[PDB]
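Peer 1: sequence, then structure. It's an experimental one.
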Amino acid sequence: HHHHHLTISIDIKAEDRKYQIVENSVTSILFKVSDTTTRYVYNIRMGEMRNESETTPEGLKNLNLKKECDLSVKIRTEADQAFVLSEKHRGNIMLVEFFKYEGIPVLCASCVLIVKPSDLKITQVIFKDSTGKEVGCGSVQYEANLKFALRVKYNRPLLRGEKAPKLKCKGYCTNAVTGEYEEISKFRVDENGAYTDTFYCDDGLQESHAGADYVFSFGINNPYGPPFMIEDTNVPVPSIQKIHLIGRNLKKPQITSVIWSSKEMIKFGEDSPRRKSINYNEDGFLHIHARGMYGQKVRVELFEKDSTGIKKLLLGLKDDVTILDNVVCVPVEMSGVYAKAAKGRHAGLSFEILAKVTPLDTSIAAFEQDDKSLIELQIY
């Protein structure tokens with residue numbers, strides 16, 4: 001849709017310099033000199049744009065271009081040859097001067113090319129901590145409930161008076177069950193209703209998701225999705241920020257409580273009333289609370305405690321249990337528990353059942369219920 005090539009007519013008989021805006025999609029310019037009776041050549045010199053008003057001809061009204069356009073671009077080029085434009089030319093005011101031969105070169109005409117700057121492209125994302133200090137040069141591990149900001153850096157500086165581009169972001173978090181990245185947000189990088197280059201996370205990320213992995217993917221066009229890798233390439237795109245979330249003030253992830261609940265429903269940061277007794281035909285609702293263990297898998301074992309203090313393994317659950325948002329409810333059938341406990345009793349009035357939760361991450365400590373947390377599986 002955008003023109004990639006320009007044909008500029010130059011009237012030698014005219015005395016007013018032509019001004020031509022050259023958008024960043026144009027890669028070649030052809031000059032058509034009005035005088036077909038003799039041969040002309042052209043040279044091109046350029047000077048850098050400094051403010052956005054120079055992207056228009058009237059912004060060049062009170063400017064001595066022969067004094068500013070000083071860097072050379074092309075020299076003694078026949079006027080029938082096209083002028084090819086590339087990235088090194090964008091953002092420049094060019095004076096093109098045309099000469100004919102009459103004993104010596106003779107300046108006959110000129111025109112100004114307003115070579116607009118290139119389209120902005122994301123080159124890097126910088127993590128800044130709660131005080132604005134830049135943290136590293138890539139992925140980070142960061143605490144929940146702690147503000148931060150991500151500064152997007154472009155391929156070129158903005159011109160004075162140039163508005164920030166439309167910067168968008170797609171937020172991703174790992175699914176607690178599958179461990180795959182899932183999109184949880186899509187927003188424009190804004191402050192006070194205007195586009196900006198810095199996404200400020202004023203509240204931080206959720207403590208319930210401590211242990212998850214986040215990705216914020218930015219773009220002036222559609223941001224990259226998973227796997228966030230350059231096309232035909234196994235190298236990450238420079239337009240993402242990876243964050244491994246940990247608990248705030250938490251020195252290490254751990255299981256915090258293991259409770260037999262009177263309600264199946266569990267929620268992070270909330271406590272339910274405990275169930276104290278249960279029968280063989282019923283399910284116990286084992287509630288596991290943790291911190292920093294989003295998506296972590298654990299094994300559950302059922303022990304029986306006797307009056308002498310001996311504790312014996314009754315059984316372990318067949319399948320492993322996946323902690324979600326640092327909470328998980330596991331329904332435990334008391335029928336097999338009763339069968340194993342009664343098999344090894346040849347007489348009390350109930351079995352004292354205690355749960356043990358062992359995380360598959362061996363660097364995380366196991367959790368055992370105590371006398372205040374057990375459940376009484378009743379007999380007869």
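Peer 2: Sure, I can see it. Numbers count the residues shown, from 1 in each chain.
Peer 1: quick check, residue 211 in a helix?
Peer 2: No - secondary structure of residue 211 (DSSP: H, G, I helix; E, B strand; the rest coil): coil, not part of a helix.
Peer 1: nearest spatial neighbour of it, skipping sequence neighbours?
Peer 2: Leaving out its chain neighbours, the residue that sits closest to residue 211 by Cβ to Cβ, 6 or more residues apart in numbering is residue 294, at 3.5 Å. (C-beta placed from N, C-alpha, C; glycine too.)
Peer 1: how far away is the one you found from residue 271?
Peer 2: Plainly put, residue 294 is 19 Å away from residue 271 if you go by Cβ to Cβ, to the nearest Å.
Peer 1: and those two? Which one has more around it.
Peer 2: residue 294 (28 against 12; other Cβ atoms under 10 Å).
Peer 1: which of the three states applies to that one?
Peer 2: Applying three-state DSSP: residue 294 is coil.
Peer 1: what's the answer for residue 186, then?
Peer 2: Relying on three-state DSSP, one would call residue 186 strand.
Peer 1: and the top helix by length along the chain, what other elements does it pack with?
Peer 2: The helix spanning the most residues in the chain, taking DSSP state H as the definition, is helix 334-343. Where contact means 3 or more Cβ pairs under 8 Å, 6 or more residues apart in numbering; DSSP states H and E, helix 334-343 is packed against strand 297-305, strand 311-316, strand 350-359, strand 375-378.
Peer 1: what's the neighbour count on the closest residue in space to residue 329 that isn't next to it in sequence?
Peer 2: Using Cβ to Cβ, 6+ apart and skipping the chain neighbours, the partner closest in space to residue 329 is residue 266 (4.5 Å). Neighbourhood size, residue 266 [other Cβ under 10 Å]: 21.
Peer 1: need the outlier residue of this structure, farthest from its centre.
Peer 2: The centre of the chain is farthest from one residue, residue 103, which by Cα atoms, centre = their mean lies 64.7 Å away.
Peer 1: tell me how far the nearest residue to residue 345 once chain neighbours are set aside lies from residue 252.
Peer 2: Leaving aside its sequence neighbours, residue 345 sits nearest to residue 351 (Cβ to Cβ, 6+ apart; 7.8 Å). The spacing between residue 351 and residue 252, counted by Cβ to Cβ, is 34 Å.
Peer 1: which stretches in the protein count as helices?
Peer 2: Using DSSP H, helices in the chain cover 65-68, 334-343.
Peer 1: which of those sits most buried?
Peer 2: Neighbour counts (mean count of other Cβ atoms under 10 Å) averaged over each of the helices of the chain peak at helix 334-343, with a mean of 16.
Peer 1: report the angle between that helix and strand 350-359.
Peer 2: Taking axes from the mean of the first three to the mean of the last three Cα atoms, to 10 degrees, one finds helix 334-343 and strand 350-359 inclined to each other by 120 degrees.
Peer 1: which residues touch helix 334-343?
Peer 2: Residues outside helix 334-343 that contact it (Cβ atoms under 8 Å, 6 or more residues apart in numbering): 278-284, 302, 304, 314-315, 351, 353, 377, 379.
Peer 1: the same query, at a cut-off of 10 Å, please.
Peer 2: 278-284, 302-304, 312-315, 317, 350-353, 375, 377-379 (Cβ atoms under 10 Å, 6 or more residues apart in numbering).
Peer 1: which residues does the residue nearest to residue 257 when sequence neighbours are not counted form a beta bridge with?
Peer 2: In space, and not counting its chain neighbours, residue 257 is closest to residue 289: 4.3 Å by Cβ to Cβ, 6+ apart. When bridges are called by DSSP bridges, residue 289 pairs up with residue 257, residue 327.
Peer 1: so residue 289 makes contact with residue 258?
Peer 2: Yes - between residue 289 and residue 258 there is a contact under Cβ atoms under 10 Å: 7.5 Å.
Peer 1: any common contacting residues for the two?
Peer 2: Common contacts of residue 289 and residue 258 (Cβ under 10 Å, 6+ apart): residue 367.
Peer 1: would you agree residue 260 is in contact with residue 302?
Peer 2: No - using Cβ under 10 Å as the test, residue 260 is too far from residue 302 to be in contact (11.2 Å).
Peer 1: shared neighbours, the two?
Peer 2: Shared contacts of residue 260 and residue 302, defined by Cβ under 10 Å, 6+ apart, comprise 284, 286, 332, 353-355.
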